[PDB]
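Peer 1: Contents are mmCIF, N, CA and C atoms; chains and numbers go by the auth columns; file name work-v2.cif:
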```
data_start
#
loop_
_atom_site.group_PDB
_atom_site.id
_atom_site.type_symbol
_atom_site.label_atom_id
_atom_site.label_comp_id
_atom_site.label_asym_id
_atom_site.label_seq_id
_atom_site.Cartn_x
_atom_site.Cartn_y
_atom_site.Cartn_z
_atom_site.B_iso_or_equiv
_atom_site.auth_seq_id
_atom_site.auth_asym_id
ATOM 1 N N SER A 1 8.678 -9.157 10.898 0.00 1 A
ATOM 2 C CA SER A 1 7.624 -9.372 9.921 0.00 1 A
ATOM 3 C C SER A 1 8.213 -9.952 8.634 0.00 1 A
ATOM 4 N N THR A 2 7.327 -10.240 7.692 0.00 2 A
ATOM 5 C CA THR A 2 7.743 -10.797 6.416 0.00 2 A
ATOM 6 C C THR A 2 8.149 -9.679 5.454 0.00 2 A
ATOM 7 N N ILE A 3 8.999 -8.792 5.952 0.00 3 A
ATOM 8 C CA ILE A 3 9.471 -7.676 5.150 0.00 3 A
ATOM 9 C C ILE A 3 10.975 -7.822 4.916 0.00 3 A
ATOM 10 N N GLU A 4 11.694 -8.030 6.010 0.00 4 A
ATOM 11 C CA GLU A 4 13.137 -8.187 5.939 0.00 4 A
ATOM 12 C C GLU A 4 13.494 -9.588 5.440 0.00 4 A
ATOM 13 N N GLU A 5 12.931 -10.582 6.111 0.00 5 A
ATOM 14 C CA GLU A 5 13.182 -11.966 5.747 0.00 5 A
ATOM 15 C C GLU A 5 13.040 -12.151 4.236 0.00 5 A
ATOM 16 N N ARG A 6 12.274 -11.257 3.630 0.00 6 A
ATOM 17 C CA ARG A 6 12.050 -11.310 2.196 0.00 6 A
ATOM 18 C C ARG A 6 13.003 -10.355 1.474 0.00 6 A
ATOM 19 N N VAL A 7 13.305 -9.253 2.145 0.00 7 A
ATOM 20 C CA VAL A 7 14.199 -8.256 1.582 0.00 7 A
ATOM 21 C C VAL A 7 15.476 -8.941 1.089 0.00 7 A
ATOM 22 N N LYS A 8 16.111 -9.665 2.001 0.00 8 A
ATOM 23 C CA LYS A 8 17.337 -10.372 1.673 0.00 8 A
ATOM 24 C C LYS A 8 17.165 -11.087 0.331 0.00 8 A
ATOM 25 N N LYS A 9 16.032 -11.759 0.197 0.00 9 A
ATOM 26 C CA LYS A 9 15.735 -12.487 -1.025 0.00 9 A
ATOM 27 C C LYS A 9 15.751 -11.516 -2.208 0.00 9 A
ATOM 28 N N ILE A 10 14.946 -10.471 -2.087 0.00 10 A
ATOM 29 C CA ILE A 10 14.860 -9.467 -3.134 0.00 10 A
ATOM 30 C C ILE A 10 16.268 -9.120 -3.619 0.00 10 A
ATOM 31 N N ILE A 11 17.126 -8.797 -2.662 0.00 11 A
ATOM 32 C CA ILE A 11 18.500 -8.443 -2.978 0.00 11 A
ATOM 33 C C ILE A 11 19.262 -9.702 -3.397 0.00 11 A
ATOM 34 N N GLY A 12 18.798 -10.834 -2.888 0.00 12 A
ATOM 35 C CA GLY A 12 19.424 -12.107 -3.200 0.00 12 A
ATOM 36 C C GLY A 12 19.097 -12.543 -4.630 0.00 12 A
ATOM 37 N N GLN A 13 18.030 -11.965 -5.161 0.00 13 A
ATOM 38 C CA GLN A 13 17.602 -12.283 -6.513 0.00 13 A
ATOM 39 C C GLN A 13 17.807 -11.076 -7.432 0.00 13 A
ATOM 40 N N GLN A 14 17.157 -9.980 -7.071 0.00 14 A
ATOM 41 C CA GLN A 14 17.259 -8.759 -7.851 0.00 14 A
ATOM 42 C C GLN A 14 18.697 -8.553 -8.330 0.00 14 A
ATOM 43 N N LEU A 15 19.584 -8.343 -7.368 0.00 15 A
ATOM 44 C CA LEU A 15 20.988 -8.131 -7.678 0.00 15 A
ATOM 45 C C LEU A 15 21.519 -9.332 -8.462 0.00 15 A
ATOM 46 N N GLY A 16 20.924 -10.486 -8.191 0.00 16 A
ATOM 47 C CA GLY A 16 21.327 -11.710 -8.863 0.00 16 A
ATOM 48 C C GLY A 16 22.467 -12.399 -8.110 0.00 16 A
ATOM 49 N N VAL A 17 22.088 -13.172 -7.104 0.00 17 A
ATOM 50 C CA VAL A 17 23.064 -13.889 -6.302 0.00 17 A
ATOM 51 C C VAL A 17 22.417 -15.147 -5.720 0.00 17 A
ATOM 52 N N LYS A 18 23.137 -15.775 -4.803 0.00 18 A
ATOM 53 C CA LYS A 18 22.646 -16.985 -4.165 0.00 18 A
ATOM 54 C C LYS A 18 21.802 -16.607 -2.947 0.00 18 A
ATOM 55 N N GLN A 19 21.213 -17.624 -2.335 0.00 19 A
ATOM 56 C CA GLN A 19 20.380 -17.413 -1.163 0.00 19 A
ATOM 57 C C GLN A 19 21.098 -17.907 0.094 0.00 19 A
ATOM 58 N N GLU A 20 22.274 -17.343 0.325 0.00 20 A
ATOM 59 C CA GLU A 20 23.068 -17.716 1.485 0.00 20 A
ATOM 60 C C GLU A 20 24.090 -16.623 1.801 0.00 20 A
ATOM 61 N N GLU A 21 24.743 -16.145 0.752 0.00 21 A
ATOM 62 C CA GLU A 21 25.744 -15.103 0.903 0.00 21 A
ATOM 63 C C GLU A 21 25.079 -13.782 1.294 0.00 21 A
ATOM 64 N N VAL A 22 23.756 -13.784 1.242 0.00 22 A
ATOM 65 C CA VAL A 22 22.991 -12.598 1.587 0.00 22 A
ATOM 66 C C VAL A 22 23.024 -12.397 3.103 0.00 22 A
ATOM 67 N N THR A 23 23.525 -11.238 3.504 0.00 23 A
ATOM 68 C CA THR A 23 23.618 -10.911 4.917 0.00 23 A
ATOM 69 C C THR A 23 22.785 -9.668 5.233 0.00 23 A
ATOM 70 N N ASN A 24 23.224 -8.943 6.251 0.00 24 A
ATOM 71 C CA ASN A 24 22.531 -7.734 6.664 0.00 24 A
ATOM 72 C C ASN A 24 23.554 -6.623 6.909 0.00 24 A
ATOM 73 N N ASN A 25 24.624 -6.666 6.129 0.00 25 A
ATOM 74 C CA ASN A 25 25.679 -5.673 6.250 0.00 25 A
ATOM 75 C C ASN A 25 26.745 -5.934 5.185 0.00 25 A
ATOM 76 N N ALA A 26 26.322 -5.831 3.933 0.00 26 A
ATOM 77 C CA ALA A 26 27.226 -6.053 2.818 0.00 26 A
ATOM 78 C C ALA A 26 26.843 -5.123 1.664 0.00 26 A
ATOM 79 N N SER A 27 27.773 -4.246 1.319 0.00 27 A
ATOM 80 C CA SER A 27 27.547 -3.300 0.239 0.00 27 A
ATOM 81 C C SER A 27 27.458 -4.042 -1.097 0.00 27 A
ATOM 82 N N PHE A 28 26.378 -4.793 -1.249 0.00 28 A
ATOM 83 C CA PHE A 28 26.162 -5.554 -2.468 0.00 28 A
ATOM 84 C C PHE A 28 26.734 -4.819 -3.682 0.00 28 A
ATOM 85 N N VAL A 29 26.340 -3.560 -3.811 0.00 29 A
ATOM 86 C CA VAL A 29 26.804 -2.741 -4.917 0.00 29 A
ATOM 87 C C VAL A 29 28.277 -3.048 -5.192 0.00 29 A
ATOM 88 N N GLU A 30 29.140 -2.339 -4.479 0.00 30 A
ATOM 89 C CA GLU A 30 30.572 -2.525 -4.636 0.00 30 A
ATOM 90 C C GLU A 30 30.995 -3.882 -4.071 0.00 30 A
ATOM 91 N N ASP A 31 30.655 -4.094 -2.808 0.00 31 A
ATOM 92 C CA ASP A 31 30.992 -5.340 -2.141 0.00 31 A
ATOM 93 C C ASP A 31 30.842 -6.499 -3.128 0.00 31 A
ATOM 94 N N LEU A 32 29.603 -6.728 -3.538 0.00 32 A
ATOM 95 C CA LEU A 32 29.312 -7.799 -4.476 0.00 32 A
ATOM 96 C C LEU A 32 29.447 -7.269 -5.905 0.00 32 A
ATOM 97 N N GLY A 33 28.355 -6.700 -6.396 0.00 33 A
ATOM 98 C CA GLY A 33 28.337 -6.152 -7.742 0.00 33 A
ATOM 99 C C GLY A 33 26.905 -5.864 -8.198 0.00 33 A
ATOM 100 N N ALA A 34 26.504 -4.613 -8.027 0.00 34 A
ATOM 101 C CA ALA A 34 25.167 -4.195 -8.414 0.00 34 A
ATOM 102 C C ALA A 34 25.236 -2.806 -9.051 0.00 34 A
ATOM 103 N N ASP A 35 25.669 -2.784 -10.303 0.00 35 A
ATOM 104 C CA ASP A 35 25.785 -1.533 -11.032 0.00 35 A
ATOM 105 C C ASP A 35 24.942 -1.611 -12.307 0.00 35 A
ATOM 106 N N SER A 36 23.869 -2.384 -12.223 0.00 36 A
ATOM 107 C CA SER A 36 22.977 -2.552 -13.357 0.00 36 A
ATOM 108 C C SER A 36 21.581 -2.945 -12.871 0.00 36 A
ATOM 109 N N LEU A 37 21.545 -3.985 -12.051 0.00 37 A
ATOM 110 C CA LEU A 37 20.287 -4.470 -11.511 0.00 37 A
ATOM 111 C C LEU A 37 20.286 -4.290 -9.992 0.00 37 A
ATOM 112 N N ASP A 38 20.742 -3.122 -9.565 0.00 38 A
ATOM 113 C CA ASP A 38 20.799 -2.813 -8.146 0.00 38 A
ATOM 114 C C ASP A 38 19.470 -2.196 -7.708 0.00 38 A
ATOM 115 N N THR A 39 19.376 -0.887 -7.884 0.00 39 A
ATOM 116 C CA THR A 39 18.170 -0.166 -7.513 0.00 39 A
ATOM 117 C C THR A 39 17.085 -0.359 -8.576 0.00 39 A
ATOM 118 N N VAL A 40 17.477 -0.142 -9.822 0.00 40 A
ATOM 119 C CA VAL A 40 16.554 -0.288 -10.933 0.00 40 A
ATOM 120 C C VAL A 40 15.647 -1.496 -10.682 0.00 40 A
ATOM 121 N N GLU A 41 16.200 -2.474 -9.982 0.00 41 A
ATOM 122 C CA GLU A 41 15.457 -3.682 -9.667 0.00 41 A
ATOM 123 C C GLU A 41 14.944 -3.630 -8.226 0.00 41 A
ATOM 124 N N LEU A 42 15.888 -3.565 -7.299 0.00 42 A
ATOM 125 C CA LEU A 42 15.547 -3.511 -5.887 0.00 42 A
ATOM 126 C C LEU A 42 14.331 -2.603 -5.695 0.00 42 A
ATOM 127 N N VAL A 43 14.390 -1.444 -6.337 0.00 43 A
ATOM 128 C CA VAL A 43 13.305 -0.482 -6.246 0.00 43 A
ATOM 129 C C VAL A 43 11.976 -1.192 -6.511 0.00 43 A
ATOM 130 N N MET A 44 11.830 -1.668 -7.739 0.00 44 A
ATOM 131 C CA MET A 44 10.618 -2.365 -8.133 0.00 44 A
ATOM 132 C C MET A 44 10.194 -3.375 -7.064 0.00 44 A
ATOM 133 N N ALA A 45 11.134 -4.237 -6.704 0.00 45 A
ATOM 134 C CA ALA A 45 10.872 -5.253 -5.699 0.00 45 A
ATOM 135 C C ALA A 45 10.421 -4.576 -4.402 0.00 45 A
ATOM 136 N N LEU A 46 11.362 -3.888 -3.773 0.00 46 A
ATOM 137 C CA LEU A 46 11.075 -3.193 -2.530 0.00 46 A
ATOM 138 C C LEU A 46 9.814 -2.346 -2.702 0.00 46 A
ATOM 139 N N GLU A 47 9.523 -2.023 -3.954 0.00 47 A
ATOM 140 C CA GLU A 47 8.354 -1.221 -4.268 0.00 47 A
ATOM 141 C C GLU A 47 7.093 -2.087 -4.238 0.00 47 A
ATOM 142 N N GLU A 48 7.158 -3.196 -4.958 0.00 48 A
ATOM 143 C CA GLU A 48 6.034 -4.114 -5.022 0.00 48 A
ATOM 144 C C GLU A 48 5.712 -4.658 -3.628 0.00 48 A
ATOM 145 N N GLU A 49 6.765 -4.850 -2.845 0.00 49 A
ATOM 146 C CA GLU A 49 6.610 -5.362 -1.494 0.00 49 A
ATOM 147 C C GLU A 49 5.692 -4.447 -0.682 0.00 49 A
ATOM 148 N N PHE A 50 5.678 -3.180 -1.070 0.00 50 A
ATOM 149 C CA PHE A 50 4.853 -2.197 -0.389 0.00 50 A
ATOM 150 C C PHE A 50 4.527 -1.020 -1.311 0.00 50 A
ATOM 151 N N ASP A 51 5.472 -0.096 -1.395 0.00 51 A
ATOM 152 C CA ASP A 51 5.299 1.078 -2.233 0.00 51 A
ATOM 153 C C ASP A 51 6.263 2.174 -1.776 0.00 51 A
ATOM 154 N N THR A 52 7.385 2.262 -2.476 0.00 52 A
ATOM 155 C CA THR A 52 8.393 3.257 -2.153 0.00 52 A
ATOM 156 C C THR A 52 9.477 3.287 -3.232 0.00 52 A
ATOM 157 N N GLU A 53 9.301 4.197 -4.178 0.00 53 A
ATOM 158 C CA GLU A 53 10.253 4.339 -5.266 0.00 53 A
ATOM 159 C C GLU A 53 11.610 4.798 -4.728 0.00 53 A
ATOM 160 N N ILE A 54 12.305 3.866 -4.091 0.00 54 A
ATOM 161 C CA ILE A 54 13.610 4.160 -3.527 0.00 54 A
ATOM 162 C C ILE A 54 14.465 4.875 -4.577 0.00 54 A
ATOM 163 N N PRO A 55 14.629 6.210 -4.373 0.00 55 A
ATOM 164 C CA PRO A 55 15.417 7.016 -5.290 0.00 55 A
ATOM 165 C C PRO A 55 16.913 6.766 -5.092 0.00 55 A
ATOM 166 N N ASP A 56 17.639 6.814 -6.200 0.00 56 A
ATOM 167 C CA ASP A 56 19.076 6.595 -6.162 0.00 56 A
ATOM 168 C C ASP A 56 19.681 7.413 -5.020 0.00 56 A
ATOM 169 N N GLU A 57 19.207 8.643 -4.898 0.00 57 A
ATOM 170 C CA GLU A 57 19.690 9.533 -3.856 0.00 57 A
ATOM 171 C C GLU A 57 19.653 8.830 -2.498 0.00 57 A
ATOM 172 N N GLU A 58 18.609 8.038 -2.306 0.00 58 A
ATOM 173 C CA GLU A 58 18.442 7.306 -1.063 0.00 58 A
ATOM 174 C C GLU A 58 18.920 5.862 -1.228 0.00 58 A
ATOM 175 N N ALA A 59 19.067 5.461 -2.482 0.00 59 A
ATOM 176 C CA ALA A 59 19.514 4.113 -2.789 0.00 59 A
ATOM 177 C C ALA A 59 20.997 3.980 -2.438 0.00 59 A
ATOM 178 N N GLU A 60 21.697 5.101 -2.528 0.00 60 A
ATOM 179 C CA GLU A 60 23.117 5.124 -2.223 0.00 60 A
ATOM 180 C C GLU A 60 23.344 4.888 -0.729 0.00 60 A
ATOM 181 N N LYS A 61 22.245 4.887 0.011 0.00 61 A
ATOM 182 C CA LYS A 61 22.308 4.674 1.447 0.00 61 A
ATOM 183 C C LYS A 61 21.923 3.227 1.762 0.00 61 A
ATOM 184 N N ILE A 62 21.341 2.573 0.767 0.00 62 A
ATOM 185 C CA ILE A 62 20.921 1.192 0.924 0.00 62 A
ATOM 186 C C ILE A 62 21.889 0.280 0.167 0.00 62 A
ATOM 187 N N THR A 63 23.056 0.829 -0.134 0.00 63 A
ATOM 188 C CA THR A 63 24.074 0.081 -0.851 0.00 63 A
ATOM 189 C C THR A 63 24.050 -1.390 -0.431 0.00 63 A
ATOM 190 N N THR A 64 23.744 -1.603 0.841 0.00 64 A
ATOM 191 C CA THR A 64 23.684 -2.951 1.380 0.00 64 A
ATOM 192 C C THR A 64 22.267 -3.515 1.250 0.00 64 A
ATOM 193 N N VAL A 65 21.881 -4.295 2.249 0.00 65 A
ATOM 194 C CA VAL A 65 20.560 -4.900 2.259 0.00 65 A
ATOM 195 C C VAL A 65 19.805 -4.444 3.508 0.00 65 A
ATOM 196 N N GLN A 66 20.509 -4.472 4.630 0.00 66 A
ATOM 197 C CA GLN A 66 19.919 -4.065 5.894 0.00 66 A
ATOM 198 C C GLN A 66 19.264 -2.689 5.756 0.00 66 A
ATOM 199 N N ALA A 67 20.040 -1.748 5.238 0.00 67 A
ATOM 200 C CA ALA A 67 19.550 -0.394 5.049 0.00 67 A
ATOM 201 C C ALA A 67 18.216 -0.438 4.301 0.00 67 A
ATOM 202 N N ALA A 68 18.129 -1.375 3.367 0.00 68 A
ATOM 203 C CA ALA A 68 16.920 -1.533 2.577 0.00 68 A
ATOM 204 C C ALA A 68 15.777 -1.984 3.488 0.00 68 A
ATOM 205 N N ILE A 69 16.156 -2.566 4.616 0.00 69 A
ATOM 206 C CA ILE A 69 15.177 -3.045 5.577 0.00 69 A
ATOM 207 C C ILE A 69 14.815 -1.912 6.539 0.00 69 A
ATOM 208 N N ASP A 70 15.835 -1.407 7.217 0.00 70 A
ATOM 209 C CA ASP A 70 15.640 -0.324 8.167 0.00 70 A
ATOM 210 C C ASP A 70 14.967 0.854 7.460 0.00 70 A
ATOM 211 N N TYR A 71 15.050 0.836 6.138 0.00 71 A
ATOM 212 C CA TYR A 71 14.458 1.892 5.336 0.00 71 A
ATOM 213 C C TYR A 71 12.956 1.663 5.152 0.00 71 A
ATOM 214 N N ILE A 72 12.615 0.428 4.815 0.00 72 A
ATOM 215 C CA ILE A 72 11.222 0.066 4.607 0.00 72 A
ATOM 216 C C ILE A 72 10.508 0.013 5.959 0.00 72 A
ATOM 217 N N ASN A 73 11.305 -0.111 7.010 0.00 73 A
ATOM 218 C CA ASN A 73 10.763 -0.175 8.357 0.00 73 A
ATOM 219 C C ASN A 73 10.726 1.233 8.954 0.00 73 A
ATOM 220 N N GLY A 74 11.698 2.038 8.552 0.00 74 A
ATOM 221 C CA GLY A 74 11.788 3.404 9.037 0.00 74 A
ATOM 222 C C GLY A 74 10.631 4.253 8.506 0.00 74 A
ATOM 223 N N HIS A 75 9.906 3.678 7.557 0.00 75 A
ATOM 224 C CA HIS A 75 8.774 4.367 6.960 0.00 75 A
ATOM 225 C C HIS A 75 7.494 3.997 7.709 0.00 75 A
ATOM 226 N N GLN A 76 7.282 2.696 7.846 0.00 76 A
ATOM 227 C CA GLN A 76 6.105 2.198 8.537 0.00 76 A
ATOM 228 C C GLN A 76 6.511 1.458 9.814 0.00 76 A
ATOM 229 N N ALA A 77 6.838 2.240 10.834 0.00 77 A
ATOM 230 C CA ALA A 77 7.244 1.674 12.109 0.00 77 A
ATOM 231 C C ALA A 77 6.140 1.911 13.141 0.00 77 A
#
```
For this file, produce the structure as C-alpha cells.

Peer 2:
Amino acid sequence: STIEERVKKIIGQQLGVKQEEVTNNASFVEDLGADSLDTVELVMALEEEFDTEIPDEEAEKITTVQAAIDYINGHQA
C-alpha cells in the first residue's frame, strides 16, 4: 500500500536526507544521524499518515525505517 513507499520518504525528508540512500534496514538515528528531527518529526509524519504518536519508548525500536513500516502495518494489518 501507499504506507511504506511513503514511509521511506517521511524518513527521507523528516530526518533530512536524500531520496535514494533511504533503505529498509538502516538505523538512520545512529547509522545516519537523527538526534533532533528523528521521532519528534517522524512521529508527526507517521502520525499524519494515519494516527499513532510513536512514543520514544517505541521509537527506539524504529531506529531504522522498516520498523517504522512494520510498525504502522503491525497496527492495521

Peer 1: To one decimal in Å, tell me the separation between atom CA of residue A:29 and atom CA of residue A:64.

Peer 2: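 Separation between atom CA of residue A:29 and atom CA of residue A:64: 7.0 Å.
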
Peer 1: Find the residue from A:69, A:2, A:7, A:54 that sits nearest to residue A:40; use only C-alpha atoms when measuring.

Peer 2: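 For residue A:40, the nearest of the candidates is A:54.
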
Peer 1: Name the residues that the PyMOL selection byres ((chain A and resi 63) around 7) pulls out of this structure, and write them as an MDAnalysis selection string.

Peer 2: chainID A and resid 26:30 58:62 64:68

Peer 1: Just the residues within 7 Å of residue A:39, please, counting only C-alpha atoms, with nothing from its chain fewer than 2 positions along; format it as number ranges by chain.

Peer 2: A: 37, 41-43, 56, 59

Peer 1: Go through A:77, A:3, A:15, A:72 one by one, measure the shortest atom-to-atom distance of each to residue A:36 using all atoms listed in the file, and give the residue with the smallest value.

Peer 2: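 Nearest to residue A:36: A:15.
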
Peer 1: Interatomic distance between atom CA of residue A:32 and atom CA of residue A:17?

Peer 2: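 Those two atoms sit 8.9 Å apart.
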
Peer 1: Under the rule that only C-alpha atoms are counted, which of A:57, A:52, A:20, A:46 is the nearest residue to residue A:75?

Peer 2: A:52

Peer 1: Could you jot down the atom CA of residue A:74 to atom C of residue A:19 separation for me, Å, one decimal place?

Peer 2: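 That distance, rounded to one decimal, is 24.9 Å.
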
Peer 1: Can you tell me, as JSON, numbers by chain, which residues in chain A count as alpha helix (DSSP H) by DSSP?

Peer 2: {"A": [4, 5, 6, 7, 8, 9, 10, 11, 12, 13, 39, 40, 41, 42, 43, 44, 45, 46, 47, 48, 56, 57, 58, 59, 66, 67, 68, 69, 70, 71, 72, 73]}

Peer 1: Let me have the centre and edge lengths of the axis-aligned box enclosing all listed atoms of stretch 55-72 of chain A with 4 Å padding on every side, in Å to one decimal, as lines of an AutoDock Vina configuration file.

Peer 2:
```
center_x = 17.3
center_y = 2.3
center_z = 1.0
size_x = 21.6
size_y = 22.4
size_z = 22.4
```
